[PDB]
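The chain that follows stands alone, in the form deposited in one PDB entry, written as structure tokens.
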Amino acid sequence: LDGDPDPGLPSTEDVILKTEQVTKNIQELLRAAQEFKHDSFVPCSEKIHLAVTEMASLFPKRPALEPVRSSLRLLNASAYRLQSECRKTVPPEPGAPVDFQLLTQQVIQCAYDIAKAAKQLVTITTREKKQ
């Protein structure tokens, strides 16, 4: 803990590496989709959540940024949706009941959303001065 909300970020570098790593984790989910790797979706989605939680963890329990407050909602929700979506994959036979075709669309939408959501977070830190 500390007290009042923070205007900017604690560590500039930590943020960059935290965001840069997020984009990479997402690529794993996308690449696995095009290569039809439902079994790789479980881990690919998990690794992505780590970057999301790890990044948010660096932030205080009470942010002082307008976009930071909302960004935490979409960011956290992004990793949550991907986990729940990937959680129900089609590792079994190809004739399974699950809609494998729809699965790829779900992971792509979530991955693309979380990936783009990071752009707004990385740009906010760079543009920010905290002086």
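Start at 1 and count along the sequence shown; that's the residue number.
We do not show the form solved in complex with a partner chain, though everything after this point is about it.
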Worksheet entry | Contact residue in the deposited complex, from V98, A56, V42, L74 (heavy atom within 4.5 Å of its partner chain) | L74
Discussion item. Contact check in the deposited complex: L30, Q34 and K119 versus its partner chain, with a cutoff of 4.5 Å between any heavy atoms. Do all three pass?
Written reply: yes
Practice prompt. Please run the contact check for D113 against its partner chain in the deposited complex: heavy atoms, 4.5 angstroms, yes or no?
Written response: yes
Fill in: Exercise: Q83 in contact with its partner chain in the deposited complex, heavy atom 4.5 Å
no
Worksheet entry | Touches its partner chain in the deposited complex: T123 (any heavy atom, 4.5 Å) | yes
